[PDB]
Amino acid sequence: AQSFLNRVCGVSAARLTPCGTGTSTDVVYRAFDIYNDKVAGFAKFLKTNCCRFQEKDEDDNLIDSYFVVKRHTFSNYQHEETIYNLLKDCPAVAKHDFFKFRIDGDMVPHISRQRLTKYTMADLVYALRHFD
(Lines give C-alpha, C1' and ligand atoms only; values in the text may rest on other atoms or scores of the structure.)
Protein backbone atom coordinates (compact mmCIF):
# COMPACT_ATOMS: atom_id res chain seq x y z
CA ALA A 1 0.00 0.00 0.00
CA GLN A 2 1.31 3.41 1.03
CA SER A 3 2.92 2.21 4.27
CA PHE A 4 5.54 0.51 2.10
CA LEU A 5 6.73 3.96 1.06
CA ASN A 6 6.70 4.96 4.73
CA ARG A 7 9.04 2.06 5.44
CA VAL A 8 11.36 2.80 2.51
CA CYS A 9 12.18 6.33 3.46
CA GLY A 10 12.82 4.44 6.69
CA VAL A 11 14.16 6.95 9.11
CA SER A 12 15.67 9.82 7.22
CA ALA A 13 14.05 12.89 5.79
CA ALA A 14 12.18 12.02 2.71
CA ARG A 15 9.89 13.51 1.16
CA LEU A 16 9.59 10.71 -1.27
CA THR A 17 7.45 10.52 -4.32
CA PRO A 18 6.81 7.19 -6.04
CA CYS A 19 8.36 6.80 -9.46
CA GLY A 20 5.98 4.38 -11.14
CA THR A 21 3.22 2.12 -9.85
CA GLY A 22 2.10 1.16 -6.35
CA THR A 23 4.39 -1.41 -4.71
CA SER A 24 5.95 -3.18 -7.67
CA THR A 25 8.98 -2.84 -9.94
CA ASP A 26 9.82 -0.37 -12.71
CA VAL A 27 11.37 -1.26 -16.07
CA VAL A 28 14.22 0.89 -17.40
CA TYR A 29 16.66 0.73 -20.31
CA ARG A 30 20.18 0.94 -18.93
CA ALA A 31 23.69 0.12 -20.11
CA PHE A 32 25.28 -2.85 -18.36
CA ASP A 33 28.77 -4.37 -18.50
CA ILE A 34 28.11 -8.06 -18.06
CA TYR A 35 29.97 -11.36 -18.31
CA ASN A 36 28.82 -14.81 -17.24
CA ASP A 37 27.97 -18.16 -18.85
CA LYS A 38 25.72 -16.92 -21.64
CA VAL A 39 25.99 -13.20 -22.37
CA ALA A 40 29.10 -11.02 -22.44
CA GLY A 41 29.56 -7.40 -23.40
CA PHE A 42 28.88 -3.72 -22.83
CA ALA A 43 25.30 -3.23 -23.96
CA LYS A 44 21.94 -1.65 -23.20
CA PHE A 45 19.79 -4.16 -21.35
CA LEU A 46 16.49 -3.61 -19.72
CA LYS A 47 16.44 -3.71 -15.95
CA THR A 48 13.30 -4.59 -14.21
CA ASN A 49 13.58 -5.75 -10.64
CA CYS A 50 13.81 -2.44 -8.76
CA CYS A 51 11.44 0.10 -7.26
CA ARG A 52 12.47 3.75 -7.56
CA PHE A 53 11.44 6.62 -5.30
CA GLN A 54 12.52 10.16 -6.12
CA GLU A 55 13.40 12.47 -3.27
CA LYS A 56 11.58 15.79 -2.92
CA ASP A 57 13.40 18.91 -1.82
CA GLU A 58 11.80 21.54 0.33
CA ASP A 59 9.58 23.91 -1.66
CA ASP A 60 8.35 20.62 -3.16
CA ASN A 61 11.25 20.82 -5.60
CA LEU A 62 12.31 17.56 -7.25
CA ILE A 63 15.95 16.92 -6.40
CA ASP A 64 18.40 14.48 -8.01
CA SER A 65 18.30 11.71 -5.43
CA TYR A 66 16.66 8.31 -5.81
CA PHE A 67 15.98 5.55 -3.30
CA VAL A 68 16.37 2.29 -5.21
CA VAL A 69 14.88 -0.69 -3.39
CA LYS A 70 15.63 -4.04 -4.99
CA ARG A 71 13.63 -7.11 -4.27
CA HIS A 72 15.43 -10.35 -4.89
CA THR A 73 15.76 -13.82 -3.46
CA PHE A 74 16.43 -14.45 0.14
CA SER A 75 19.64 -16.35 -0.10
CA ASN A 76 21.28 -13.55 -1.90
CA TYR A 77 19.79 -11.12 0.59
CA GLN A 78 21.98 -12.10 3.50
CA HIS A 79 25.15 -12.56 1.69
CA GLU A 80 24.93 -8.89 0.75
CA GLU A 81 24.05 -7.98 4.33
CA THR A 82 27.19 -9.66 5.65
CA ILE A 83 29.47 -8.08 3.08
CA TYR A 84 27.90 -4.67 3.71
CA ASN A 85 28.40 -4.99 7.47
CA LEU A 86 32.02 -5.62 6.58
CA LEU A 87 32.46 -2.63 4.24
CA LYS A 88 30.06 -0.36 6.14
CA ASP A 89 32.62 2.19 7.34
CA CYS A 90 33.93 3.29 4.02
CA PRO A 91 33.09 6.76 2.87
CA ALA A 92 32.40 5.67 -0.66
CA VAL A 93 29.74 3.02 -0.20
CA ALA A 94 26.13 4.03 -0.67
CA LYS A 95 24.17 3.69 2.57
CA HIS A 96 22.15 0.49 2.43
CA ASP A 97 19.09 -0.52 4.42
CA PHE A 98 17.85 -4.11 4.65
CA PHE A 99 14.34 -5.07 5.68
CA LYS A 100 11.45 -7.42 4.98
CA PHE A 101 7.98 -6.27 3.97
CA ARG A 102 4.96 -8.54 3.64
CA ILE A 103 2.81 -8.37 0.51
CA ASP A 104 0.46 -11.35 0.35
CA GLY A 105 1.41 -13.96 2.91
CA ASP A 106 5.13 -13.42 2.49
CA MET A 107 7.61 -11.13 4.26
CA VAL A 108 9.66 -10.69 1.10
CA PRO A 109 13.10 -9.15 1.74
CA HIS A 110 14.01 -5.80 0.21
CA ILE A 111 17.37 -4.05 0.03
CA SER A 112 17.17 -0.28 -0.31
CA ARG A 113 20.07 1.87 -1.45
CA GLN A 114 19.72 5.50 -0.47
CA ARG A 115 20.40 8.84 -2.16
CA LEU A 116 21.70 7.50 -5.45
CA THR A 117 21.47 9.14 -8.86
CA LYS A 118 19.48 8.55 -12.02
CA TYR A 119 22.36 7.44 -14.25
CA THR A 120 25.38 5.34 -13.30
CA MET A 121 28.82 5.76 -14.85
CA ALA A 122 28.25 2.99 -17.36
CA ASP A 123 25.50 5.17 -18.81
CA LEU A 124 27.87 8.11 -19.23
CA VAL A 125 30.56 5.97 -20.85
CA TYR A 126 28.08 4.24 -23.15
CA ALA A 127 26.40 7.48 -24.21
CA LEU A 128 29.78 8.98 -25.04
CA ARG A 129 31.32 5.98 -26.82
CA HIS A 130 28.30 4.92 -28.88
CA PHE A 131 27.20 8.37 -30.01
CA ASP A 132 24.29 8.80 -32.42
# chains A, B, ... in the order shown; residues from 1 in each chain; ligands from 1
call {"tool": "select_by_dssp", "arguments": {"residues": "chain A", "states": "alpha helix (DSSP H)", "output": "ChimeraX atom specification"}}
result
/A:3-8,75-87,121-129
call {"tool": "residues_around", "arguments": {"residues": "residue 18 in chain A", "least_positions_apart": "3", "cutoff": "12 Å", "atoms": "only C-alpha atoms", "output": "number ranges by chain"}}
result
A: 1-2, 4-6, 8-9, 14-15, 21-26, 51-56, 62, 66-69
call {"tool": "write_last_selection", "arguments": {"atoms": "N, CA and C atoms", "output": "tab-separated table (two decimals), in the first residue's frame"}}
result
chain	number	residue	atom	x	y	z
A	1	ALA	N	0.83	-1.20	0.00
A	1	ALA	CA	0.00	0.00	0.00
A	1	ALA	C	0.86	1.25	0.00
A	2	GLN	N	0.50	2.22	0.84
A	2	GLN	CA	1.31	3.41	1.03
A	2	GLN	C	2.31	3.26	2.17
A	4	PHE	N	4.27	0.96	2.66
A	4	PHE	CA	5.54	0.51	2.10
A	4	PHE	C	6.47	1.69	1.84
A	5	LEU	N	5.93	2.76	1.25
A	5	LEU	CA	6.73	3.96	1.06
A	5	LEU	C	7.18	4.52	2.40
A	6	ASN	N	6.32	4.45	3.42
A	6	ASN	CA	6.70	4.96	4.73
A	6	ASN	C	7.76	4.10	5.40
A	8	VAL	N	10.18	2.57	3.34
A	8	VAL	CA	11.36	2.80	2.51
A	8	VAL	C	12.12	4.03	2.98
A	9	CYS	N	11.46	5.17	2.99
A	9	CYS	CA	12.18	6.33	3.46
A	9	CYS	C	12.70	6.06	4.86
A	14	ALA	N	12.67	12.09	4.04
A	14	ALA	CA	12.18	12.02	2.71
A	14	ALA	C	10.70	11.87	2.84
A	15	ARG	N	9.92	12.87	2.45
A	15	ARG	CA	9.89	13.51	1.16
A	15	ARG	C	10.19	12.61	0.02
A	21	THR	N	4.49	2.76	-10.13
A	21	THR	CA	3.22	2.12	-9.85
A	21	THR	C	2.84	2.26	-8.38
A	22	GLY	N	2.37	1.17	-7.77
A	22	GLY	CA	2.10	1.16	-6.35
A	22	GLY	C	3.26	0.60	-5.56
A	23	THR	N	3.32	-0.72	-5.43
A	23	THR	CA	4.39	-1.41	-4.71
A	23	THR	C	4.98	-2.51	-5.57
A	24	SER	N	5.26	-2.21	-6.83
A	24	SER	CA	5.95	-3.18	-7.67
A	24	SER	C	7.09	-2.52	-8.44
A	25	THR	N	7.72	-3.26	-9.34
A	25	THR	CA	8.98	-2.84	-9.94
A	25	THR	C	8.78	-1.89	-11.11
A	26	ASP	N	9.88	-1.36	-11.64
A	26	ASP	CA	9.82	-0.37	-12.71
A	26	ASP	C	10.88	-0.66	-13.76
A	51	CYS	N	12.40	-0.96	-7.47
A	51	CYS	CA	11.44	0.10	-7.26
A	51	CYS	C	12.21	1.39	-7.01
A	52	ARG	N	11.80	2.46	-7.66
A	52	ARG	CA	12.47	3.75	-7.56
A	52	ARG	C	11.58	4.73	-6.82
A	53	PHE	N	12.18	5.55	-5.97
A	53	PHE	CA	11.44	6.62	-5.30
A	53	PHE	C	12.27	7.89	-5.37
A	54	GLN	N	11.72	8.95	-5.95
A	54	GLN	CA	12.52	10.16	-6.12
A	54	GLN	C	12.33	11.09	-4.94
A	55	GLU	N	13.43	11.63	-4.45
A	55	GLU	CA	13.40	12.47	-3.27
A	55	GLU	C	12.95	13.88	-3.61
A	56	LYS	N	12.09	14.43	-2.77
A	56	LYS	CA	11.58	15.79	-2.92
A	56	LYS	C	12.37	16.73	-2.04
A	62	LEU	N	11.84	18.92	-6.97
A	62	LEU	CA	12.31	17.56	-7.25
A	62	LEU	C	13.83	17.61	-7.36
A	66	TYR	N	17.61	9.40	-5.67
A	66	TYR	CA	16.66	8.31	-5.81
A	66	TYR	C	16.94	7.25	-4.77
A	67	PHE	N	15.89	6.71	-4.18
A	67	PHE	CA	15.98	5.55	-3.30
A	67	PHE	C	15.61	4.34	-4.14
A	68	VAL	N	16.55	3.44	-4.34
A	68	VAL	CA	16.37	2.29	-5.21
A	68	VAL	C	16.27	1.06	-4.33
A	69	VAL	N	15.08	0.48	-4.23
A	69	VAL	CA	14.88	-0.69	-3.39
A	69	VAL	C	14.74	-1.89	-4.31
call {"tool": "residues_around", "arguments": {"residues": "residue 32 in chain A", "least_positions_apart": "6", "cutoff": "12 Å", "atoms": "only C-alpha atoms", "output": "list in words"}}
result
residues 39, 40, 41, 42, 43, 44, 45, 46, 47, 119, 120, 121, 122, 123, 124, 125, 126 and 127 of chain A
call {"tool": "closest_residue", "arguments": {"among": "A:28, A:71, A:3, A:110", "to": "residue 98 in chain A", "atoms": "only C-alpha atoms"}}
result
A:110
call {"tool": "select_by_dssp", "arguments": {"residues": "chain A", "states": "strand (DSSP E or B)", "output": "PDB file with N, CA, C and O atoms, in the first residue's frame"}}
result
ATOM      1  N   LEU A  16       9.352  11.612  -0.191  1.00  0.00           N
ATOM      2  CA  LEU A  16       9.585  10.709  -1.271  1.00  0.00           C
ATOM      3  C   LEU A  16       8.398  10.585  -2.150  1.00  0.00           C
ATOM      4  O   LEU A  16       7.326  10.342  -1.674  1.00  0.00           O
ATOM      5  N   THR A  17       8.569  10.746  -3.439  1.00  0.00           N
ATOM      6  CA  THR A  17       7.447  10.524  -4.317  1.00  0.00           C
ATOM      7  C   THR A  17       7.674   9.262  -5.130  1.00  0.00           C
ATOM      8  O   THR A  17       8.775   9.053  -5.656  1.00  0.00           O
ATOM      9  N   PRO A  18       6.665   8.403  -5.244  1.00  0.00           N
ATOM     10  CA  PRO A  18       6.813   7.186  -6.040  1.00  0.00           C
ATOM     11  C   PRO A  18       7.153   7.516  -7.480  1.00  0.00           C
ATOM     12  O   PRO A  18       6.789   8.566  -8.010  1.00  0.00           O
ATOM     13  N   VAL A  28      13.397  -0.184 -16.855  1.00  0.00           N
ATOM     14  CA  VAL A  28      14.216   0.888 -17.401  1.00  0.00           C
ATOM     15  C   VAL A  28      15.190   0.284 -18.400  1.00  0.00           C
ATOM     16  O   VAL A  28      15.451  -0.917 -18.398  1.00  0.00           O
ATOM     17  N   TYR A  29      15.736   1.136 -19.253  1.00  0.00           N
ATOM     18  CA  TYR A  29      16.659   0.731 -20.306  1.00  0.00           C
ATOM     19  C   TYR A  29      18.025   1.293 -19.956  1.00  0.00           C
ATOM     20  O   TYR A  29      18.277   2.484 -20.153  1.00  0.00           O
ATOM     21  N   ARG A  30      18.916   0.449 -19.449  1.00  0.00           N
ATOM     22  CA  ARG A  30      20.181   0.936 -18.926  1.00  0.00           C
ATOM     23  C   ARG A  30      21.341   0.116 -19.463  1.00  0.00           C
ATOM     24  O   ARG A  30      21.194  -1.064 -19.775  1.00  0.00           O
ATOM     25  N   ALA A  31      22.499   0.761 -19.567  1.00  0.00           N
ATOM     26  CA  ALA A  31      23.688   0.123 -20.107  1.00  0.00           C
ATOM     27  C   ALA A  31      24.407  -0.669 -19.030  1.00  0.00           C
ATOM     28  O   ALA A  31      24.803  -0.114 -18.003  1.00  0.00           O
ATOM     29  N   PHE A  32      24.586  -1.962 -19.268  1.00  0.00           N
ATOM     30  CA  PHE A  32      25.282  -2.850 -18.360  1.00  0.00           C
ATOM     31  C   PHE A  32      26.598  -3.286 -18.981  1.00  0.00           C
ATOM     32  O   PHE A  32      26.822  -3.140 -20.184  1.00  0.00           O
ATOM     33  N   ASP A  33      27.454  -3.848 -18.134  1.00  0.00           N
ATOM     34  CA  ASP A  33      28.767  -4.370 -18.502  1.00  0.00           C
ATOM     35  C   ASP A  33      28.830  -5.749 -17.860  1.00  0.00           C
ATOM     36  O   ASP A  33      29.197  -5.882 -16.693  1.00  0.00           O
ATOM     37  N   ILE A  34      28.485  -6.774 -18.623  1.00  0.00           N
ATOM     38  CA  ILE A  34      28.107  -8.059 -18.058  1.00  0.00           C
ATOM     39  C   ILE A  34      28.979  -9.154 -18.648  1.00  0.00           C
ATOM     40  O   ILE A  34      29.414  -9.069 -19.799  1.00  0.00           O
ATOM     41  N   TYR A  35      29.259 -10.175 -17.842  1.00  0.00           N
ATOM     42  CA  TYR A  35      29.974 -11.359 -18.312  1.00  0.00           C
ATOM     43  C   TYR A  35      29.606 -12.521 -17.411  1.00  0.00           C
ATOM     44  O   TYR A  35      29.804 -12.443 -16.197  1.00  0.00           O
ATOM     45  N   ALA A  40      27.895 -11.767 -22.769  1.00  0.00           N
ATOM     46  CA  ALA A  40      29.096 -11.022 -22.441  1.00  0.00           C
ATOM     47  C   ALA A  40      29.199  -9.765 -23.283  1.00  0.00           C
ATOM     48  O   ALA A  40      29.145  -9.840 -24.510  1.00  0.00           O
ATOM     49  N   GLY A  41      29.327  -8.616 -22.656  1.00  0.00           N
ATOM     50  CA  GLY A  41      29.558  -7.400 -23.403  1.00  0.00           C
ATOM     51  C   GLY A  41      29.098  -6.178 -22.641  1.00  0.00           C
ATOM     52  O   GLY A  41      28.668  -6.248 -21.497  1.00  0.00           O
ATOM     53  N   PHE A  42      29.191  -5.049 -23.332  1.00  0.00           N
ATOM     54  CA  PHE A  42      28.876  -3.717 -22.833  1.00  0.00           C
ATOM     55  C   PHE A  42      27.680  -3.223 -23.639  1.00  0.00           C
ATOM     56  O   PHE A  42      27.845  -2.655 -24.718  1.00  0.00           O
ATOM     57  N   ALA A  43      26.472  -3.426 -23.121  1.00  0.00           N
ATOM     58  CA  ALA A  43      25.302  -3.235 -23.963  1.00  0.00           C
ATOM     59  C   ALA A  43      24.115  -2.765 -23.143  1.00  0.00           C
ATOM     60  O   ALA A  43      24.075  -2.924 -21.926  1.00  0.00           O
ATOM     61  N   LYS A  44      23.132  -2.199 -23.837  1.00  0.00           N
ATOM     62  CA  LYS A  44      21.939  -1.652 -23.201  1.00  0.00           C
ATOM     63  C   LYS A  44      20.940  -2.768 -22.955  1.00  0.00           C
ATOM     64  O   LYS A  44      20.289  -3.238 -23.889  1.00  0.00           O
ATOM     65  N   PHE A  45      20.798  -3.185 -21.711  1.00  0.00           N
ATOM     66  CA  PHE A  45      19.792  -4.164 -21.349  1.00  0.00           C
ATOM     67  C   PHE A  45      18.611  -3.459 -20.698  1.00  0.00           C
ATOM     68  O   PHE A  45      18.546  -2.229 -20.626  1.00  0.00           O
ATOM     69  N   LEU A  46      17.654  -4.216 -20.246  1.00  0.00           N
ATOM     70  CA  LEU A  46      16.488  -3.611 -19.720  1.00  0.00           C
ATOM     71  C   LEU A  46      16.258  -4.117 -18.349  1.00  0.00           C
ATOM     72  O   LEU A  46      15.807  -5.200 -18.196  1.00  0.00           O
ATOM     73  N   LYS A  47      16.553  -3.311 -17.347  1.00  0.00           N
ATOM     74  CA  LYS A  47      16.436  -3.705 -15.955  1.00  0.00           C
ATOM     75  C   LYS A  47      15.158  -3.604 -15.267  1.00  0.00           C
ATOM     76  O   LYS A  47      14.730  -2.528 -15.027  1.00  0.00           O
ATOM     77  N   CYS A  50      13.683  -3.504  -9.738  1.00  0.00           N
ATOM     78  CA  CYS A  50      13.813  -2.437  -8.762  1.00  0.00           C
ATOM     79  C   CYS A  50      12.607  -1.522  -8.658  1.00  0.00           C
ATOM     80  O   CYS A  50      11.877  -1.327  -9.630  1.00  0.00           O
ATOM     81  N   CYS A  51      12.402  -0.963  -7.471  1.00  0.00           N
ATOM     82  CA  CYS A  51      11.439   0.104  -7.259  1.00  0.00           C
ATOM     83  C   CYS A  51      12.208   1.389  -7.006  1.00  0.00           C
ATOM     84  O   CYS A  51      13.170   1.397  -6.234  1.00  0.00           O
ATOM     85  N   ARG A  52      11.796   2.464  -7.660  1.00  0.00           N
ATOM     86  CA  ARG A  52      12.468   3.748  -7.559  1.00  0.00           C
ATOM     87  C   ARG A  52      11.578   4.728  -6.818  1.00  0.00           C
ATOM     88  O   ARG A  52      10.361   4.728  -7.003  1.00  0.00           O
ATOM     89  N   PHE A  53      12.177   5.555  -5.966  1.00  0.00           N
ATOM     90  CA  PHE A  53      11.436   6.622  -5.302  1.00  0.00           C
ATOM     91  C   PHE A  53      12.265   7.888  -5.370  1.00  0.00           C
ATOM     92  O   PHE A  53      13.393   7.906  -4.882  1.00  0.00           O
ATOM     93  N   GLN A  54      11.725   8.949  -5.953  1.00  0.00           N
ATOM     94  CA  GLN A  54      12.521  10.155  -6.122  1.00  0.00           C
ATOM     95  C   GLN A  54      12.328  11.094  -4.943  1.00  0.00           C
ATOM     96  O   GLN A  54      11.207  11.325  -4.492  1.00  0.00           O
ATOM     97  N   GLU A  55      13.433  11.634  -4.452  1.00  0.00           N
ATOM     98  CA  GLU A  55      13.403  12.472  -3.268  1.00  0.00           C
ATOM     99  C   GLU A  55      12.946  13.877  -3.614  1.00  0.00           C
ATOM    100  O   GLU A  55      13.359  14.447  -4.625  1.00  0.00           O
ATOM    101  N   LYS A  56      12.085  14.430  -2.768  1.00  0.00           N
ATOM    102  CA  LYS A  56      11.577  15.785  -2.925  1.00  0.00           C
ATOM    103  C   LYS A  56      12.367  16.734  -2.039  1.00  0.00           C
ATOM    104  O   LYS A  56      12.581  16.454  -0.858  1.00  0.00           O
ATOM    105  N   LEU A  62      11.837  18.916  -6.970  1.00  0.00           N
ATOM    106  CA  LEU A  62      12.309  17.564  -7.248  1.00  0.00           C
ATOM    107  C   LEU A  62      13.826  17.607  -7.360  1.00  0.00           C
ATOM    108  O   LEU A  62      14.373  18.275  -8.242  1.00  0.00           O
ATOM    109  N   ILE A  63      14.503  16.903  -6.469  1.00  0.00           N
ATOM    110  CA  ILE A  63      15.949  16.925  -6.396  1.00  0.00           C
ATOM    111  C   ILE A  63      16.484  15.614  -6.963  1.00  0.00           C
ATOM    112  O   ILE A  63      15.769  14.618  -7.086  1.00  0.00           O
ATOM    113  N   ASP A  64      17.761  15.621  -7.340  1.00  0.00           N
ATOM    114  CA  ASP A  64      18.395  14.485  -8.010  1.00  0.00           C
ATOM    115  C   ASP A  64      18.901  13.473  -6.981  1.00  0.00           C
ATOM    116  O   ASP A  64      20.092  13.352  -6.704  1.00  0.00           O
ATOM    117  N   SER A  65      17.963  12.722  -6.419  1.00  0.00           N
ATOM    118  CA  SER A  65      18.302  11.710  -5.433  1.00  0.00           C
ATOM    119  C   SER A  65      17.221  10.649  -5.434  1.00  0.00           C
ATOM    120  O   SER A  65      16.050  10.964  -5.217  1.00  0.00           O
ATOM    121  N   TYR A  66      17.607   9.402  -5.667  1.00  0.00           N
ATOM    122  CA  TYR A  66      16.657   8.314  -5.807  1.00  0.00           C
ATOM    123  C   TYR A  66      16.944   7.248  -4.766  1.00  0.00           C
ATOM    124  O   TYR A  66      18.106   6.933  -4.504  1.00  0.00           O
ATOM    125  N   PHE A  67      15.889   6.707  -4.176  1.00  0.00           N
ATOM    126  CA  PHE A  67      15.977   5.548  -3.301  1.00  0.00           C
ATOM    127  C   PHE A  67      15.606   4.337  -4.137  1.00  0.00           C
ATOM    128  O   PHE A  67      14.473   4.236  -4.614  1.00  0.00           O
ATOM    129  N   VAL A  68      16.554   3.436  -4.335  1.00  0.00           N
ATOM    130  CA  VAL A  68      16.367   2.290  -5.213  1.00  0.00           C
ATOM    131  C   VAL A  68      16.270   1.060  -4.332  1.00  0.00           C
ATOM    132  O   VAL A  68      17.265   0.644  -3.731  1.00  0.00           O
ATOM    133  N   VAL A  69      15.084   0.479  -4.228  1.00  0.00           N
ATOM    134  CA  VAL A  69      14.877  -0.693  -3.388  1.00  0.00           C
ATOM    135  C   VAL A  69      14.735  -1.892  -4.306  1.00  0.00           C
ATOM    136  O   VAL A  69      13.840  -1.933  -5.155  1.00  0.00           O
ATOM    137  N   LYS A  70      15.638  -2.848  -4.167  1.00  0.00           N
ATOM    138  CA  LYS A  70      15.627  -4.043  -4.989  1.00  0.00           C
ATOM    139  C   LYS A  70      15.020  -5.198  -4.214  1.00  0.00           C
ATOM    140  O   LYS A  70      15.317  -5.394  -3.030  1.00  0.00           O
ATOM    141  N   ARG A  71      14.259  -6.002  -4.911  1.00  0.00           N
ATOM    142  CA  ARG A  71      13.627  -7.111  -4.273  1.00  0.00           C
ATOM    143  C   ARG A  71      14.031  -8.382  -4.912  1.00  0.00           C
ATOM    144  O   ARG A  71      13.606  -8.641  -6.005  1.00  0.00           O
ATOM    145  N   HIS A  96      23.181   1.481   2.676  1.00  0.00           N
ATOM    146  CA  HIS A  96      22.153   0.489   2.432  1.00  0.00           C
ATOM    147  C   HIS A  96      21.156   0.456   3.578  1.00  0.00           C
ATOM    148  O   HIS A  96      21.334   1.092   4.615  1.00  0.00           O
ATOM    149  N   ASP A  97      20.087  -0.305   3.378  1.00  0.00           N
ATOM    150  CA  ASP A  97      19.089  -0.521   4.419  1.00  0.00           C
ATOM    151  C   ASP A  97      18.326  -1.785   4.070  1.00  0.00           C
ATOM    152  O   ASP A  97      17.663  -1.834   3.034  1.00  0.00           O
ATOM    153  N   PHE A  98      18.416  -2.797   4.919  1.00  0.00           N
ATOM    154  CA  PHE A  98      17.847  -4.107   4.645  1.00  0.00           C
ATOM    155  C   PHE A  98      16.595  -4.282   5.483  1.00  0.00           C
ATOM    156  O   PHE A  98      16.604  -3.963   6.675  1.00  0.00           O
ATOM    157  N   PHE A  99      15.525  -4.788   4.881  1.00  0.00           N
ATOM    158  CA  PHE A  99      14.340  -5.070   5.681  1.00  0.00           C
ATOM    159  C   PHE A  99      13.505  -6.118   4.968  1.00  0.00           C
ATOM    160  O   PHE A  99      13.885  -6.630   3.916  1.00  0.00           O
ATOM    161  N   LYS A 100      12.363  -6.447   5.562  1.00  0.00           N
ATOM    162  CA  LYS A 100      11.450  -7.420   4.982  1.00  0.00           C
ATOM    163  C   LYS A 100      10.030  -6.911   5.133  1.00  0.00           C
ATOM    164  O   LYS A 100       9.581  -6.633   6.247  1.00  0.00           O
ATOM    165  N   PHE A 101       9.331  -6.801   4.013  1.00  0.00           N
ATOM    166  CA  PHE A 101       7.979  -6.270   3.971  1.00  0.00           C
ATOM    167  C   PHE A 101       7.056  -7.345   3.429  1.00  0.00           C
ATOM    168  O   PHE A 101       7.413  -8.063   2.493  1.00  0.00           O
ATOM    169  N   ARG A 102       5.883  -7.482   4.032  1.00  0.00           N
ATOM    170  CA  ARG A 102       4.965  -8.537   3.636  1.00  0.00           C
ATOM    171  C   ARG A 102       3.963  -8.000   2.625  1.00  0.00           C
ATOM    172  O   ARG A 102       3.426  -6.902   2.795  1.00  0.00           O
ATOM    173  N   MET A 107       6.840 -12.291   3.811  1.00  0.00           N
ATOM    174  CA  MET A 107       7.606 -11.131   4.262  1.00  0.00           C
ATOM    175  C   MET A 107       8.805 -11.200   3.321  1.00  0.00           C
ATOM    176  O   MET A 107       9.878 -11.706   3.652  1.00  0.00           O
ATOM    177  N   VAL A 108       8.609 -10.667   2.123  1.00  0.00           N
ATOM    178  CA  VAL A 108       9.662 -10.688   1.105  1.00  0.00           C
ATOM    179  C   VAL A 108      10.759  -9.708   1.500  1.00  0.00           C
ATOM    180  O   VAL A 108      10.453  -8.603   1.985  1.00  0.00           O
ATOM    181  N   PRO A 109      12.032 -10.057   1.333  1.00  0.00           N
ATOM    182  CA  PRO A 109      13.104  -9.149   1.740  1.00  0.00           C
ATOM    183  C   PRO A 109      13.435  -8.135   0.660  1.00  0.00           C
ATOM    184  O   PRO A 109      13.543  -8.468  -0.522  1.00  0.00           O
ATOM    185  N   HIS A 110      13.605  -6.888   1.083  1.00  0.00           N
ATOM    186  CA  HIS A 110      14.012  -5.798   0.214  1.00  0.00           C
ATOM    187  C   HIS A 110      15.333  -5.226   0.697  1.00  0.00           C
ATOM    188  O   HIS A 110      15.642  -5.245   1.896  1.00  0.00           O
ATOM    189  N   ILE A 111      16.098  -4.695  -0.251  1.00  0.00           N
ATOM    190  CA  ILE A 111      17.374  -4.054   0.028  1.00  0.00           C
ATOM    191  C   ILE A 111      17.352  -2.689  -0.629  1.00  0.00           C
ATOM    192  O   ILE A 111      17.335  -2.593  -1.859  1.00  0.00           O
ATOM    193  N   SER A 112      17.345  -1.637   0.176  1.00  0.00           N
ATOM    194  CA  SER A 112      17.165  -0.279  -0.309  1.00  0.00           C
ATOM    195  C   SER A 112      18.490   0.462  -0.250  1.00  0.00           C
ATOM    196  O   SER A 112      19.094   0.566   0.817  1.00  0.00           O
ATOM    197  N   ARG A 113      18.938   0.970  -1.389  1.00  0.00           N
ATOM    198  CA  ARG A 113      20.075   1.873  -1.453  1.00  0.00           C
ATOM    199  C   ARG A 113      19.552   3.298  -1.487  1.00  0.00           C
ATOM    200  O   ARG A 113      18.541   3.581  -2.137  1.00  0.00           O
ATOM    201  N   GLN A 114      20.250   4.192  -0.803  1.00  0.00           N
ATOM    202  CA  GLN A 114      19.721   5.503  -0.467  1.00  0.00           C
ATOM    203  C   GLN A 114      20.526   6.614  -1.122  1.00  0.00           C
ATOM    204  O   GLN A 114      21.755   6.573  -1.145  1.00  0.00           O
ATOM    205  N   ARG A 115      19.812   7.607  -1.645  1.00  0.00           N
ATOM    206  CA  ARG A 115      20.404   8.839  -2.155  1.00  0.00           C
ATOM    207  C   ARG A 115      21.362   8.568  -3.307  1.00  0.00           C
ATOM    208  O   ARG A 115      22.500   9.036  -3.322  1.00  0.00           O
ATOM    209  N   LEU A 116      20.882   7.818  -4.293  1.00  0.00           N
ATOM    210  CA  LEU A 116      21.701   7.496  -5.448  1.00  0.00           C
ATOM    211  C   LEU A 116      21.137   8.336  -6.579  1.00  0.00           C
ATOM    212  O   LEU A 116      20.063   8.929  -6.452  1.00  0.00           O
TER     213      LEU A 116
END
call {"tool": "atom_distance", "arguments": {"atom1": "CA of residue 36 in chain A", "atom2": "CA of residue 78 in chain A"}}
result
22.0 Å
call {"tool": "closest_residue", "arguments": {"among": "A:76, A:118, A:88, A:58", "to": "residue 13 in chain A", "atoms": "only C-alpha atoms"}}
result
A:58
call {"tool": "atom_distance", "arguments": {"atom1": "CA of residue 106 in chain A", "atom2": "CA of residue 73 in chain A"}}
result
12.2 Å
